[PDB]
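Participant: So I pulled this structure from the PDB, and the sequence comes with it:
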There are 4 protein chains.
Amino acid sequence: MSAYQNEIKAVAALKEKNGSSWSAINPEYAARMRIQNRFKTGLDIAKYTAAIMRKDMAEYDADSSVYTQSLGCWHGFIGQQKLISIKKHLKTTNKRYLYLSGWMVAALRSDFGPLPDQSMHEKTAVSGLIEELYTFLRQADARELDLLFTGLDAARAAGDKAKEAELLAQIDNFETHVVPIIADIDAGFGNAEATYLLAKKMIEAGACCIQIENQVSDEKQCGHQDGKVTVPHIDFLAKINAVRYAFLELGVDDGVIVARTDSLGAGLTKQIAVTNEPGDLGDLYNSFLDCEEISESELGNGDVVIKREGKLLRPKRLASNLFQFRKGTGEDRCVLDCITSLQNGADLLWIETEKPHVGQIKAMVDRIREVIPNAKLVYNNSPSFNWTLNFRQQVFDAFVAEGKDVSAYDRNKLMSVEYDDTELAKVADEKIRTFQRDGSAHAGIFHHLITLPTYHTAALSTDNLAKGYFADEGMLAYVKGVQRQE
Amino acid sequence: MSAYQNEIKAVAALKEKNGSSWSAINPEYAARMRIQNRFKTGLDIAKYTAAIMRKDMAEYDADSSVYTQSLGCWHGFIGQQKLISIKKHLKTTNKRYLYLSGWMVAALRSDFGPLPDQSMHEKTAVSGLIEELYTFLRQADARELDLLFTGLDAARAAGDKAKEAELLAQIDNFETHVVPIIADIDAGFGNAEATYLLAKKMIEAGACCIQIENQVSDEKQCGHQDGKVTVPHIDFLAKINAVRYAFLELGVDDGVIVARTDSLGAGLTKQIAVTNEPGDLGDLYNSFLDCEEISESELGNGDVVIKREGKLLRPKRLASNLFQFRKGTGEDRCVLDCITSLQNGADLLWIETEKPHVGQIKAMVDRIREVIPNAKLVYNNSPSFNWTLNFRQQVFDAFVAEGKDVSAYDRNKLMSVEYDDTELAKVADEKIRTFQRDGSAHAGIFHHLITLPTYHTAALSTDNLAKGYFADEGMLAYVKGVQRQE
Amino acid sequence: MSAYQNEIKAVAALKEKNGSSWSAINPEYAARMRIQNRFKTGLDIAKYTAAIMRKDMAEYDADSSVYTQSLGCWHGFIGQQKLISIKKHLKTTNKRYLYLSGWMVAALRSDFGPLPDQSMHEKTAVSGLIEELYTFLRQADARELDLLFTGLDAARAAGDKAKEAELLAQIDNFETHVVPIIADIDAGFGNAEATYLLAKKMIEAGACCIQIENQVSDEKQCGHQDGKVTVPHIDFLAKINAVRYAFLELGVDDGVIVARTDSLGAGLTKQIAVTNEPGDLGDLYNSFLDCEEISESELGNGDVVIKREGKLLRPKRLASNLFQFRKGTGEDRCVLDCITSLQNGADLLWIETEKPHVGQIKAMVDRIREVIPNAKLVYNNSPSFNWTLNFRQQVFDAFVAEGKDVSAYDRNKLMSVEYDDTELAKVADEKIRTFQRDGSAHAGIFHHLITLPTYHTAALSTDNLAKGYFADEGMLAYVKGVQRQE
Amino acid sequence: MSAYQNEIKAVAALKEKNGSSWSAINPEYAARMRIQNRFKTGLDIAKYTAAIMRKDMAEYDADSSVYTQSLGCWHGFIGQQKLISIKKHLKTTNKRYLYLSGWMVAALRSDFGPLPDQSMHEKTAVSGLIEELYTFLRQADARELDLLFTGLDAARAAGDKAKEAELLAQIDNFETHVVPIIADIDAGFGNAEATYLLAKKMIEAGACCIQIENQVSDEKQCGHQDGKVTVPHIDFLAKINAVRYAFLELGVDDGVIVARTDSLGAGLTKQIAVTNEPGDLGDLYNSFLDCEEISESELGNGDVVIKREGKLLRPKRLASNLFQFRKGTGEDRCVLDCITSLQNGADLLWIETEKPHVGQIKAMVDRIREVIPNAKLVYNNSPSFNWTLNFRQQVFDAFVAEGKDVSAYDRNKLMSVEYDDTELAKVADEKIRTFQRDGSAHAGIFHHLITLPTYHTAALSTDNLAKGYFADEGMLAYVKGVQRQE
Ligand SMILES: [Ca+2]
Ligand SMILES: [Ca+2]
Ligand SMILES: [Ca+2]
Ligand SMILES: [Ca+2]
């Protein structure tokens, strides 16, 4: 028997048990409400979506062409219209997820108004947006099912048996708009206990996947090129553990943790790591510090020094009480971070990079996979990269191997108003088009997202309408720009 | 002295008064924060914007070409990007307002998820959105002023006196993003006391203008063409009075009330109005009831009858306990509604119509203005009208006067895939382009809005990106669709 | 195996399945978190508590001495301390519920500040308080279980096997603080669809029982003694049905609906009920109208008249457009209301009375039970009754039967500073003490509550401390008044 | 002219200006609404209350008997009933403030449910409670004024001119329930920018006084007796500056900053302070570190050492990466903290102590006042001190000076069931009663508060009712315990 039939039977039995006092209750109508509300709680969503993500991860492991994608959405309505569009044009939700952007929560969803991306807003805005996204996806299910039940009644009123049968099949095979979300928790908005508390609220809202990072965003030195600040592994691993316990408490056994490393762009640290024996994680972290040998006499009062390899050394230290890593150690620290995360409870990796470059990320993933062979990445196709410059430049240098042409193209004015229609341009655009496929084939990327794309699409579409409506076009700007497209 | 200078002086004096304990306080830095926060409370916004709207109403009275416009915005970020676009392209905020759409609050901003437009959501979502819109507009001011103060410091560091002087002038003449809002309160979300309470919260959030309606939206009969339900004038006038007292309590002497009538599409009423003498408002309302003379013997048990003009008559009554107005009385009731509103405390009118038709609205406004000569309308350029059909049809019939052509155009397939490039089409589009101007010149329209335009622009722009990104275009859909435009 | 053991086994198996990457996860620690979070969602609470209430209703049906009690609580902390006190002193939660007072939500929990009890506040404050109450009860469970697991670890560290065994038994037999709540939804905060929407949110928050009323609180005439306003049964029954569908959609098959009638104190109605044949519910409702025969000539213009029993009659009508019921029909209308509710989907009754009087309520319940023999009441032991006056007066008149004494007691100054120690006083206090038992034995009362008792206890306890602390007692007022008691 | 008269005149003039369309507006009624809403925004409250606190601080400086008091309140209703009680019994609000307890926000007001006092909850709960407290105080004003205007109308209806005149005087001299609040911001819930953002929201809600602390509450080692963790002065001073800029931006020139030091119970620090020359604040902070001289050969790999007074020393360091201060340096660090705070922008001090002991606090204040002679304290009369033990013990040892008795009293069983009626007990209670007066006379205490007293009073009063109501007393527990007192 179908889910719909089973629910009609179930409500009819309650009606019978309760007798004539329930005479006004219509069992088929109640059944439709039940079918229209498949996911009654956020934890039901979290368990359902966790299983989907685990299946997708296994299918990617078997075939690197079968990867997953998402766009960051800053409101339930934006997520809803994205999933409606996916179903309309692409016919299945399979391999499409939501992304919860901490940047967009800070920029758009705080009671404080727009804030920078430093975990300064009220942390309930994060869990609030997850719940909102799933409320809107569940309502999209309910509306489409209601339309199907309306057509079912119309088929019945016309005695059309074939159409009734096709609609009942569409109802039984209905594809929910509810999909997995990768939810950004920043660094947990506090210590490990605070991380657990927030993760728990995010999972109760429906999240099957939590992304957590090893940086201290509120200590960035904007005046330094690599001004981000990392914590020792023990601090970050404790937060991974806190997120795991939130999943476990709630019964989401399959919950997914994405460990993000910011080490590539982080030249600083607040702490010197505790170390108990040489070669352990504390010692490895401290090994990257930029030190100098200063005689005990040449040392300033209050200077801080560390014993490394039998000598007392002075790590370079800013006025802000931050210590510096040696230049050029970003990649090495990322690889250590990532291996350590997968060895200690993370499920997926995120390496924050400064440009979209398949070879660069492949190099790091190859080093990681010589230790953890199926290590999988979530990759931010960042909206703050200038994709055209990066890729025309990338295709320029790919020429220089046997690129005859080279001299015909400057390399400094490549991004231009008009280098269009050139081979470098059509090829650059093709490399952009295949970037995700190529990174998933060669650099272990399981999931491709853009963090804040719908910030820009909402701004642009508002500007494009306002620009006409308030000026000579008046209502024609709306009719042409909006009404004619839909 | 400029506002900026005055604030530097003011903070320097406090620093001096407090002595060396305030040595770390930088008076110019504090002054910039004060300049960046011109509107410290919502009531400061409400008073500032009320004066703007009153000025605009006076300028429209003197010159019908000088009208005002707004688009409905469903989030602070959408309102913010609209005002940023206005300033970028059109160089002034003058004559541009915000509109708070009750439909979009119901559809998008409730803790219940999407709801129909029946005042069923939590009413604090309405005031919450007003505050959010003004938080985002105030932040846009702060960000642009911060950029100007940054350029001021750079001019000073370069010893560039002319540029320093130009920037100080740009700071002193800065045009705020804060503009008036026309805020939809539906029918007040309750009785007159409840209306006052909500209005007060909306005005405290910054609203200088409240739009209130005479319908009972939660009693619509969707099964009737003119299924809306009105209340007797005494009920509606009490709510106008409640809104006035909220403005007065808060000191917003100049607050604006828009009285919306739904009578054109309302064929029903729940109440029979109390009347004390013939010809008063109660009697006029009841005069429009659709009655029939039934002998006391021919009357059903429990039937309800009214004495009109010396006879007992039975008003037509639905099973839902609603009474029917005579067909064709919509316009007459609208004119009575509107005259009554302006005679009893409203400032502006809104006549809800079923199509964008200048002659139709002019006819009603002419009747109103023979009593109230400067009566002014707020006109919803409704997004649910098919603008192309309506206006090609309107231009078809404008031909038929001496429109030779007529026979060359069907009138039933006018809206078409390809009647484009015809004279009827180019002319229809021109009529759309000039619709607002023409209605403001001929039909007393002070303000033109669209209620839910940014619902559609957000949906469309999300669909247009998703359609490519998740299919073969991948990142090229974002680079082309988004990054290349901005 | 115990729940605790089963959860340790379950987490150990996941740890084994996942391998050394989960080495830091402690299965017993995770198991404790699971035991400490028995009720992971509000719907789990609603189903658990609904079964308790159904069991209690059956046990009351078998034995009228086994009734249930609650106190209204206005904050999660108040509910929590009530349940902690119950467990400490009375050793079981059995037969004790929570009550959610709509009056206290209006007075205390609105974003508007204190409001009168007219459903004018934001309706999400109602569901919000249910969730808060259950959050605090769940946290009380977690804290007490954490203390038991701490003692378990201490027993183990001391090698005390008997104590370890007793603590494991206390953990396996732990009695949750989570109990049923009777949740006031007023009249649904809107129409039937709105009622469904709010009920659904209240049930998702944990409520197994919803109390809904047939009055229109925002139309009370405070200037009339019996100034409340009722709706026809069809309107109220539609709202009962809406609440049932919310329970059914959510899978809370056992959900309980309390139908409250306000007819005893309601002399008015806004509507004249639709009636299709004599004797139906519409006709019965209209039968109670106070009408007068006026000749068609003697009738005012616009007067409204109804055909009852072959004649045209004019129901008495206020300027407010409300119709009057005949005096002395309150009880008859209550009995009709109640029978109708139980015949059409309600589970329990609430008859709002003007004084605590067992005989008065028994009279109505006897009439109801001659139709519905097991009809059960929820009875508000109202805090706005003067219990001492009512009951000394009640005991005075119980004397007058063969009460010799009568002359020794005035009857007008009975409530007095000093009629204490009299037989009338000690007996009046005893009648108060046994009031609930007696009403449950003789008047069908399944549940006794007080609506807003913790409003008064919080006010009193704050006043009693402030009165001393800020005056000569200083810190001694706190030490004596607070610290010495606990 | 009175405020009331002036407002009647003001509204009558608007009515006249607007003409007959405002005929329904009653100017006296509107005037009453204005009088009933004296404080239209939180910033109006903050400026009004800041001036009160500054006046009180000056009056305390002139006379140490004129000090101020508050009780922590966890809900607007609790604060409201406290101020109502003050006005009823003590006839003026003068010298009584509110206290906003961060502990009670964590324990009671978070969306997460009860949390420990570690700034882990959503920070908007803090500002939310300030706004709620002032909403309830403003409503208490409105209700009492409404009662006075009702009596005014009754006097007029009786032609009683003397009573009309007395009521108008009571209206013109009405004492608002709105008083200053000392608002706990913990350590700012983040860095200095985050502190500013939250302070701004708290001041906009009405707070004229912000209390900020130098500890890192989320790093406490509960396993250490003095397990709190401090930050170097530069970090704390930056947060003082952030709070000052919030006051200044908002125009609250008179805003008060309370700098709380936790150094007395803090034996740890996460950071070693940056120092530029000997004797500066960084060097002074580091001077308190507990170091040991270890030969470069005897040092572990990765050990951290500091140069102090020409030698390399190893500060004691926990596995948690925290450094230890020398035992017995708590008082010295408190005195440095406090002097530094008043020298760098704080207005008042708070020294967190472990027992209520006038001599102990006087000792520290004397050291502070030899540098800052009018330094003033806010003193927490902590509810977690056992006041009876501490003070019977204090009075026991005050005997031992020439206390003959000594031998008659043990000193270990002093707190007892029955040492009552002894001279030590009556004297201990008298010392408790005069503790605040004595500390204000001898130890510079301007303000005495209890942090979480209404947590306990609400728990106790709920338990005391539940204990009877649910057991044999039934309704008599409410009538006796509640109804008879009020
Ligand atoms: Ca992030
Ligand atoms: Ca509306
Ligand atoms: Ca109620
Ligand atoms: Ca604190």
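Facilitator: On my side now, so go ahead. Numbering: from 1, shown residues only, chains lettered A, B, ... in the order given. Ligands and ions are numbered 1, 2, ... in the order given.
Participant: Any residue of the helix or strand where residue A:313 lies touching chain D?
Facilitator: If you go by DSSP states H and E, residue A:313 is part of strand A:311-315. Yes. Strand A:311-315 comes into contact with chain D (CB under 8 Å from any CB of the partner chain), by way of residue A:312. Just so you know, the C-beta spots here come from the backbone N, C-alpha and C atoms, and that holds for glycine as well.
Participant: Contacts made by that strand with the rest, please.
Facilitator: Residues outside strand A:311-315 that contact it (CB atoms under 8 Å, 6 or more residues apart in numbering or on different chains) are A:272, A:289-294, A:296, A:299, A:303-307, A:323-324, D:296, D:299, D:305, D:312.
Participant: 6 Å instead, please
Facilitator: A:289, A:291-294, A:303, A:305-306, A:323, D:296 (CB atoms under 6 Å, 6 or more residues apart in numbering or on different chains).
Participant: Now for these: which two are most distant?
Facilitator: A:323 and D:296 (20.7 Å; CB to CB).
Participant: Compare neighbour counts for the two and give me the winner.
Facilitator: Comparing residue A:323 with residue D:296 by other CB atoms under 10 Å in any protein chain shown, the one with more neighbours is residue A:323, at 21 against 13.
Participant: What residues does that one make contact with?
Facilitator: Counting by CB under 6 Å, 6+ apart, residue A:323 has contacts A:269, A:289, A:315, A:317.
Participant: At which residues are the strands of the stretch 1-150 of chain A located?
Facilitator: All strands of the stretch 1-150 of chain A, identified by DSSP state E, counting those that start in this stretch, fall at A:68-72, A:96-100.
Participant: Can you tell me the element residue A:236 falls in?
Facilitator: helix A:233-249.
Participant: List the contacts of the helix or strand following that helix.
Facilitator: Going down the chain from helix A:233-249, the next helix or strand is strand A:256-261, by DSSP H and E. The set of residues external to strand A:256-261 that reach it, using CB under 6 Å, 6+ apart, is A:53, A:209-211, A:213-214, A:240, A:243, A:334, A:337-338, A:341, A:346-351, A:378.
Participant: Just confirm yes or no for the longest helix that chain A contains near chain D.
Facilitator: Longest helix of chain A, by residue count under DSSP state H: helix A:124-157. Yes. Helix A:124-157 is in contact with chain D by CB under 6 Å from any CB of the partner chain, via residue A:124.
Participant: elements contacting the host helix or strand of residue A:398?
Facilitator: Element membership for residue A:398, per DSSP H and E: helix A:387-402. Here helix A:387-402 touches helix A:423-442, going by 3 or more CB pairs under 6 Å, 6 or more residues apart in numbering or on different chains; DSSP states H and E.
Participant: do the helix it packs on and chain B meet?
Facilitator: Yes. Using CB under 6 Å from any CB, helix A:423-442 reaches chain B at A:432-433, A:435-436.
Participant: Just among these, which is most surrounded?
Facilitator: residue A:432 (27 neighbours).
Participant: can you give me the strands in the stretch 351-486 of chain A?
Facilitator: A:377-380, A:445-450.
Participant: Kindly report the residues of chain A close to ligand 1.
Facilitator: Neighbours of ligand 1 within chain A, by CB under 5 Å from the ion: A:102, A:184, A:186.
Participant: Neighbours of the last one, how many?
Facilitator: It stands for residue A:186. 24.
Participant: Smallest gap between the stretch 151-300 of chain A and chain B, at which residue?
Facilitator: Nearest to chain B, among the residues of the stretch 151-300 of chain A, is residue A:179, at 11.6 Å (CB to the nearest CB).
Participant: so who does that residue touch?
Facilitator: A:93, A:97.
Participant: Tell me the secondary structure at it.
Facilitator: coil (DSSP: H, G, I helix; E, B strand; the rest coil).
Participant: Need phi/psi at it.
Facilitator: phi -130, psi 170 (degrees, to the nearest 10).
Participant: roughly how far apart are it and ligand 2?
Facilitator: 34 Å (CB to the ion, to the nearest Å).
Participant: do the same with residue A:447
Facilitator: 42 Å.
Participant: Just list the residues touching that residue, thanks.
Facilitator: Contacts of residue A:447 (CB under 6 Å, 6+ apart): A:68, A:378.
Participant: hmm, back to that, give me the subset of the residues of helix A:423-442 next to chain B touching ligand 4.
Facilitator: Of the residues of helix A:423-442 next to chain B, not one also sits near ligand 4 (CB under 5 Å from the ion).
Participant: Does chain D have contacts with stretch A:215-234?
Facilitator: Yes. Using CB under 6 Å from any CB, stretch A:215-234 comes into contact with chain D via residue A:218.
Participant: residues making contact with that stretch?
Facilitator: A:118-119, A:214, A:262-263, A:265-271, A:273, A:281, A:285, A:340, D:191.
Participant: rerun at 7 Å
Facilitator: A:117-119, A:186-187, A:214, A:262-263, A:265-271, A:273, A:281-282, A:285, A:320, A:322, A:330, A:340, D:190-191, D:194 (CB atoms under 7 Å, 6 or more residues apart in numbering or on different chains).
Participant: Out of these, name the ones that lie in strands.
Facilitator: In strands, judged by DSSP state E, the following of the contacts of stretch A:215-234 are found: A:268-269.
Participant: Which of the contacts of stretch A:215-234 are buried? Put it as a ChimeraX command.
Facilitator: ChimeraX command restricting those to the buried ones, with burial defined by 16 or more other CB atoms under 10 Å in any protein chain shown:
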select /A:117,118,119,186,187,214,262,263,265,266,267,268,269,270,271,273,281,282,285,322,330,340 /D:190,191,194
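Participant: which parts of the stretch 251-400 of chain A sit against chain D?
Facilitator: Proximity of the stretch 251-400 of chain A to chain D is confined to A:271-272, A:274-275, A:278, A:282-283, A:286, A:296, A:299, A:301-307, A:312, A:319, A:321 under the rule CB under 7 Å from any CB of the partner chain.
Participant: from those residues, which are also near ligand 2?
Facilitator: Among those, ligand 2 is touched by none when using CB under 5 Å from the ion.
Participant: Show me which of those are buried.
Facilitator: Buried, going by 16+ other CB under 10 Å: A:271-272, A:274-275, A:282-283, A:286, A:299, A:301-307, A:312, A:321, out of these.
Participant: that older thread, tell me the angle of the longest helix of chain A relative to strand A:96-100?
Facilitator: With axes from the mean of the first three to the mean of the last three CA atoms, to 10 degrees as the criterion, the two stretches helix A:124-157 and strand A:96-100 enclose an angle of 150 degrees.
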